[PDB]
Each structure stands twice: as structure tokens, then as C-alpha cells.
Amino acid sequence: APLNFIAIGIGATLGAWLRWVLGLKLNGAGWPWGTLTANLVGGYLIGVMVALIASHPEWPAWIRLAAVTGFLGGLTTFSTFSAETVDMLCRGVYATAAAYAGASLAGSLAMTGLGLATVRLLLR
């Protein structure tokens, strides 16, 4: 459907803009704080959205595609994280690369659980 392409296109554009600006303002010369922040916030917000969708089954598909598939799908990134991690590996800072992969993966999983829990606390 054309509405689905428009809802995903608008969200992904806004999410990518936010991720880019976060990189310009936070990415440091040593560690990519902008990329990590984008993934951690996006990981938290998808936990919020998943719990909000289950509590709002009336929400049609275009809200789902614009918010999650679009915005959060554009806000987070796996390729940027992968290239940043490979660049750390070829530099020899293995402990640094392991910390970045651990903070990105285990951190995003925790933020998603926190995103699920914050909605389940404000509804009861």
C-alpha cells in the first residue's frame, strides 16, 4: 500500500536525521557515543512501543510501521556499529571492541526490557 511506504519513509527519515545529529554531537574521537546513544534510545523506545501496541490494539498498521519499522528502524543501526567494531579490531584494541559490542548488544537488550517495564508500571 502507498500509505505504508509513506509512513515508513517519513519515520525512517526522521529517525535517520536524529541518529545523524546524535553522531555529530556525541561521537567522540575514542568511542562512538553518538551511535551507542542512538541504539540505546532506540532499544528503549521499541520496548515502550511494543508494550504500547499490546495495550492499544485499536492502533492501525500505519502507526506501527511509522513508529517502529520507520522511526526506530532508522534511528538504530547495525551496519554503523559493525564498521565501528571492525575498525577497533584492525587497530588491535580488542578489549575496546569487546566493550563496545557488549555495551551495544547487552545494553540495548536491557533498555528494551526497561522499555517494557516502564509501560507496565504506568498502566497498573
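A residue's number is simply how far along the shown sequence it sits, counting from 1.
Asker: Got a sec? Mean C-alpha B-factor, which is higher, 24-32 or 65-73?
Answerer: Stretch with the higher mean C-alpha B-factor: 24-32.
Asker: Comparing 41-49 with 90-98, where is the mean C-alpha B-factor higher?
Answerer: 90-98 has the higher mean C-alpha B-factor.
Asker: Considering every modelled residue of the chain and its Cα B-factor in the PDB entry, is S108 in the lowest, middle or highest third?
Answerer: Highest third - that is where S108 ends up once the chain's C-alpha B-factors are sorted.
Asker: Is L116 in the lowest, middle or highest third of its chain when residues are ranked by C-alpha B-factor?
Answerer: Middle third - that is where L116 ends up once the chain's C-alpha B-factors are sorted.
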